[PDB]
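First comes the structure, then the notes that go with it.
Number of protein chains: 2
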Amino acid sequence: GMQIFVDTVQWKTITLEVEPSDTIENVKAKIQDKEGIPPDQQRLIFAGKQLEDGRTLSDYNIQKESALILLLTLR
Amino acid sequence: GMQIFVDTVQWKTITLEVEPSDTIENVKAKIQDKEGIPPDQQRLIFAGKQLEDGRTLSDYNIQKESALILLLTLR
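Each protein sequence line maps, in turn, to chains H and A.
Here my numbering is used: the first residue of the first sequence is 1, the next is one more, and so on.
Here my numbering is used: the first residue of the second sequence is 101, the next is one more, and so on.
Set out below in structure tokens:
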């Protein structure tokens with residue numbers, strides 16, 4: 001018996017319970033609890049624009065069932 | 101009290117137990133067993149060459165701890 005490795009790229013869905021009053025900073029904290037990703041490495045993207053840590057979900061008119069994209073980079 | 105979804109990219113490494121006599125076609129079946137991608141959509145790449153379903157791992161000089169690249173192409 002022998003062993004080989006297969007690398008493939010795709011996506012993954014992280015589901016979060018949030019309030020519209022929540023700041024982006026708090027949303028990144030919820031992502032850290034579930035996935036282990038430190039917030040400074042999280043780039044959250046909605047409407048082709050990255051979201052500031054100061055603002056809230058309501059500020060971006062992010063509503064029920066919204067789909068955000070997470071890219072991981074240094075900053 | 102609301103719910104939002106965060107889609108993030110996952111780059112995944114799959115570990116398979118195989119024999120060198122196993123065909124590429126069989127390897128794709130194992131990938132289907134583990135990750136659920138049907139073999140018709142699997143493109144396996146090793147040493148810059150795409151693998152024909154007919155040949156075996158020994159035919160491609162794929163040895164212990166060899167690393168393959170998987171690309172997904174639809175119908």
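Ideal placement from N, C-alpha and C gives every residue a C-beta, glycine not left out.
To be precise: take each residue of the segment 133–155 of chain A, compare its Cβ to all Cβ atoms of chain H, and keep it if any distance is under 7 Å. Which residues remain?
Cβ contacts with chain H: none found.
Residue closest to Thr15/H, alpha-carbon to alpha-carbon, out of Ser21/H, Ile31/H and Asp7/H
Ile31/H
Are the Cβ atoms of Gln150/A and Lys128/A separated by less than 8 Å?
no
Compare the C-beta of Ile24/H against all C-beta atoms of chain A and say whether one is closer than 8 Å.
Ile24/H does not count as touching chain A.
For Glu17/H, the first and last residue of its enclosing beta strand (DSSP E)
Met2 to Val18
DSSP state of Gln63/H mapped onto helix, strand, coil:
coil
Span of the alpha helix (DSSP H) around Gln132/A
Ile124 to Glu135
Grab me the residues of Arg175/A's own chain with a C-beta within less than 6 Å of its C-beta, minus the 5 sequence neighbours each way, in chain order.
none
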